[PDB]
């Protein structure tokens, strides 16, 4: 089926063109907004989008990633050597983790800044063997809200499965985070993230990290995650959520990445074909995909955001509004598009 492969090419090329044109003056990828507060993310989004595009074999994409890495090196204002949501935010383990994946793609894992950043990641390792997003002193020093002045930050500064999964993509950390990632798997075979509504994100990344480890003992856990991924994907080739009952592009893209970890099962191959089919049909004329990268802001004290039923979408809230207990999305559609195009490139050869 050469027409379906040619459409994947045309779809991927349209998405890459959108992403390259979507960069700002300096050349940053920007997405998400905390209006009249944390403002727009760059360091994080650029680190993620750069890592997503690393799978492309194009020379002009690699040039964009080398510029992305140069822009990150210039962000050297934090004494830890970490990267944050944007300039004004303190360093976090997730951003730093994604920046180190981009570093590896541009052959800069051995660089001074990469070594300093990897060293800083080690401080975020918790007793239970997981990675915490924030150090309490850093995030408290930034936050200047009266309501959250002397509240607990053990939610934001506790070990997170979503961040631990992403950081475990780094070979230096995969072995240390292994045991934490194994015990945090649910009976249904999936994982649950802290900052993300869609479990497919954390499930795909954890399974990929375990797969990269190459340990036979982890294969049953991977196969149980794939089986869960197959249940989540409906016959029409999309992941249905409460928000998007006719399919989330973000969740489906990550589910498609999860299903690449089984390459023998005929039913899994058929599901991937269905997922590619739907994603191709959903792509907008400008090459982007409709924003569905839902980032939630738990209360600083909340360790269990998956047990928080009061989630509201920040932009739909009538009246004066706080970010705590609210969900924000990628308004530029750069985070979503980067996720989808990455999944389509990795999935194309397994048709």
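Residue numbers count along the first chain shown, from 1.
The mean Cα B-factor in the deposited entry runs higher for 129-137 than for the other of 129-137 and 194-202. Relative to one another, 277-285 and 142-150 have unequal mean CA B-factors, and 142-150 is the one with the higher figure.
Of the residues listed, 252, 86, 123, 164, the entry assigns the biggest Cα temperature factor to 123. Residue set 263, 95, 101, 248: peak C-alpha B-factor at 263 (per PDB entry). Among the modelled residues of the chain, residue 106 sits in the lowest third by CA temperature factor in this PDB entry. In the deposited entry, the Cα temperature factor of residue 347 sits in the middle third of values across the chain's modelled residues.
Per the deposited record, the Cα B-factor of residue 50 falls in the lowest third when ranked against the other modelled residues of its chain. The PDB entry assigns residue 32 a C-alpha temperature factor belonging to the middle third of its chain's modelled residues.
Sort the chain's modelled residues by C-alpha temperature factor and residue 39 lands in the highest third, per the entry.
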